[PDB]
Amino acid sequence: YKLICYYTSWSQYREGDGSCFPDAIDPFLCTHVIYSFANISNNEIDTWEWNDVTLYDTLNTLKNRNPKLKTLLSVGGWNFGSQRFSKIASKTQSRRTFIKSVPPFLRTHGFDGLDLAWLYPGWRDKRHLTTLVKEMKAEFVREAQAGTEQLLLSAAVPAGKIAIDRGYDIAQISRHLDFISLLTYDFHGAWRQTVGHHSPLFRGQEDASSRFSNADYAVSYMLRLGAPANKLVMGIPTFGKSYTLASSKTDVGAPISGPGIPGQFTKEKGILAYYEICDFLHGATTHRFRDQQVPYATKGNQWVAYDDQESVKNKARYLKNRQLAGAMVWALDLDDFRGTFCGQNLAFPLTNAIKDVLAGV
Ligand SMILES: *[C@@H]1O[C@H](CO)[C@@H](O[C@@H]2O[C@H](CO)[C@@H](O)[C@H](O)[C@H]2NC(C)=O)[C@H](O)[C@H]1NC(C)=O
């Protein structure tokens with residue numbers, strides 16, 4: 001199985017214990033570590049944070065301890081305008097300038113591949129994403145001729161049917177990618193005007209939940225569109241999503257006034273790291289969605305959908321049963337990477353839980 005794990009460069013800036021440098025990463029934890037995100041500047045791949053050349057070195061030096069570990073650099077992300085990516089991909093000359101820039105930058109910095117994280121292509125973009133994947137792969141096949149192991153090429157693909165349909169020609173892009181990480185953890189958000197889970201495995205029955213907004217639908221759809229199971233990696237979050245309640249109701253369809261209050265460390269309304277969630281659960285009421293197979297918790301006027309050891313283990317069992325290529329984790333710096341918050345004295349509890357199941361029958 002693959003265990004694809006994202007590291008985010010902006011985690012460095014979180015205060016105190018929240019602060020995450022790549023030497024926090026267990027070199028034998030994941031099969032692949034993906035550093036997020038690279039810029040595109042002057043129509044070439046480029047660094048984003050001021051100290052990225054040092055952080056890339058600190059990540060890549062993990063390979064002296066686990067020579068089999070693979071690293072990738074993810075280009076794009078949500079602070080990169082989809083429109084910016086569209087302009088580069090849609091023109092022959094800019095596309096080529098970008099593609100030619102990628103192997104030398106990855107080699108200089110010690111990366112084994114590129115992850116494409118265009119978030120996300122519009123309807124007019126779908127044909128250009130296809131060309132970009134094809135031509136990037138062709139360039140990596142050519143660069144391999146000079147004697148180094150061929151660069152890997154992956155992509156991060158949203159799991160909502162509507163975004164898949166708009167932006168992605170899954171049958172074609174899957175031919176050229178080494179793996180696709182399916183982003184099966186964005187199925188609910190404050191835009192809705194109720195509580196709900198963002199990473200359910202299956203639909204809620206009871207009495208209100210749409211049939212596409214779950215991981216099983218998205219996996220099945222990707223496979224039906226032509227993505228081979230041996231290229232499909234299912235995303236599992238280590239973060240949870242928070243809401244502010246509009247009433248005393250906390251169950252299904254409970255109204256919300258907006259995102260939850262920021263976490264002490266992550267400092268973003270609507271999202272909490274798992275280490276923050278472990279702390280939140282002190283004094284909280286916990287519940288599970290029985291059909292969806294994922295938990296939530298509530299204290300005061302705050303309501304949190306999250307994943308725990310049990311839920312990620314159950315997701316890992318699913319993807320094994322479906323003969324998928326493995327799991328992706330978003331993100332290492334959102335798991336309890338210190339191992340001190342969740343009462344287990346265990347670094348990376350959720351990632352380790354996943355790995356424990358992938359290393360079983
Ligand atoms: C990412 O690359 C963009 C593209 O070059 C950078 O945006 C440019 O930055 C310079 C200096 O601020 C500006 O003059 C350009 O006009 C910007 N162009 C555009 C299209 O925005 C951006 O600063 C880079 N991002 C980071 C984090 O390095």
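Please note: Cβ atoms are built from the backbone with ideal geometry, for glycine as well, and neighbour counts cover all protein chains shown. Values in this text are rule-based calculations from the coordinates and carry no lab data.
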*Simple spin-label model, 7 Å along Cα-to-Cβ: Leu346 to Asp251 in nm?*
3.1 nm
*Near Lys320, which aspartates and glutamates are there with a Cα under 14 Å away, not counting those fewer than 8 places off in the same chain?*
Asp216, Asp356
*Among the chymotrypsin sites (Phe, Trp or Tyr not before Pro) within the range 192-223, which fall in a DSSP loop and have no more than 16 other Cβ atoms within 10 Å of their own Cβ?*
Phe212
*For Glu268, enumerate residues with amide H under 5 Å from its amide H, sequence gap 5+ or separate chain, H modeled in the peptide plane.*
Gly263
*Nearest 10 degrees, 0 to 90: what angle lies between the long axis of helix 349-358 and the longest principal axis of the chain (Cα atoms)?*
70 degrees
*Using modelled amide H (1.01 Å from N, peptide plane; none on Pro or chain starts), what sits under 5 Å from the amide H of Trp303, excluding residues fewer than 5 places away?*
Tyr243, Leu245
_Euclidean distance of C-alpha centroids, the range 89-130 and the range 217-288, integer Å_ = 30 Å
_Apply the Karplus curve 6.51 cos²θ - 1.76 cosθ + 1.60, θ = phi - 60°, to the phi angles in the range 13-18 and return the couplings in whole Hz, x for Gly and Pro._
8, 6, 6, x, 4, x
*Using θ = phi - 60° and the Karplus relation 6.51 cos²θ - 1.76 cosθ + 1.60, list the HN-Hα couplings for the range 306-318 in order, rounded to whole Hz, with x at every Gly or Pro.*
8, 10, 10, 4, 5, 5, 6, 4, 5, 5, 5, 5, 4
_Sparse-neighbourhood loop sites, chymotrypsin sites (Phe, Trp or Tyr not before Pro) in the range 43-142 - DSSP loop, at most 13 other Cβ within 10 angstrom_ = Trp50, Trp78, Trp123
*Note down the relative contact order for the range 235-357 as a percent, whole number, built from C-alpha pairs under 8 angstrom at least six residues apart.*
28 percent
*Specify the residue with the greatest mean-square fluctuation among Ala229, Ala89, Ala138, computed from a Gaussian network of the chain linking alpha-carbon atoms under 10 Å apart.*
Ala138
_Nearby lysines by direct alpha-carbon distance to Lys91 (threshold 29 angstrom, same-chain neighbours under 8 apart not counted)_ = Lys100, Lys126, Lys134, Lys137, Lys161, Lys231
*On alpha-carbon atoms, Rg over Rh for the range 235-361 using Kirkwood Rh?*
0.98
_For the chain, compute the orientation-averaged projected area of the C-alpha convex hull (one quarter of its surface), in nm²._
17.3 nm²
*Listed residues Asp251, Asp46, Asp115, most fluctuating in the chain (Gaussian network, C-alpha, under 10 Å)*: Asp251
*asked:* Counting only Cα atoms, I'd like the Rg/Rh figure for the range 75-219, Kirkwood definition for Rh.
replied: 1.04
*Across the chain: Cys residues that no other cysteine approaches within a C-beta distance under 4.7 Å*: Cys20
*Using a cut-off of 20 Å between alpha-carbon atoms, which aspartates and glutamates can reach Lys299, once sequence neighbours fewer than 8 places away in the same chain are excluded?*
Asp251, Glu268, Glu276, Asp279, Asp307, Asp308
